[PDB]
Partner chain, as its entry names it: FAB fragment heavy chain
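The data below hold one chain only, encoded as structure tokens and taken in the form solved without the partner chain.
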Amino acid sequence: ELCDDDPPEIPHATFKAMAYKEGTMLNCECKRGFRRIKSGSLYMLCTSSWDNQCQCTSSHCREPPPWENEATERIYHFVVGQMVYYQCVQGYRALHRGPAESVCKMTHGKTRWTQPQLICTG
């Protein structure tokens, strides 16, 4: 329940998870001109539901509801067994050779993400 690094970047593609395993953490990041509230939570922790709640002011779990103000990119911390779906961004053609997901596995104490077998071209 640790999971060291983050999923690989695939050129001209993004990734999302549909269902988040317990132990996943979502950061409480705010948009430009906004900061998380005083005494706010630094993250939300999946336990299943989320144990905290992110909030912003002017300066298995489901995908959490979009709170008032937010950074465009949601920062996650996943855990072993987390699967992550990849897809070529709108306007890009996908070439598949094997799975289009990355899964956090656990070796002899060292976590890793599997390599999504996907190439994206315009």
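Positions refer to the first chain, counted from 1. Superpose the two forms; the largest set of C-alphas matching within 1.5 Å is the rigid core.
There is also a form deposited with the partner chain bound; it is not shown, and the following applies to it.
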item: Non-hydrogen atom contact residue 98 with the partner chain in the entry with it bound at 4.5 angstroms; value: yes
item: Proximity of residue 67 to the partner chain in the entry with it bound, heavy atoms at 4.5 Å; value: no
item: Interface residues of 60-87 toward the partner chain, as seen in the entry with it bound [heavy atoms, 4.5 Å]; value: 85, 86, 87
item: Of 88, 79, 26, 30, the one whose Cα moves 2 Å or more between this form and the one not shown after core superposition; value: 88
item: Cα displacement of residue 14 between this form and the one not shown reaching 2 Å, rigid core superposed; value: yes
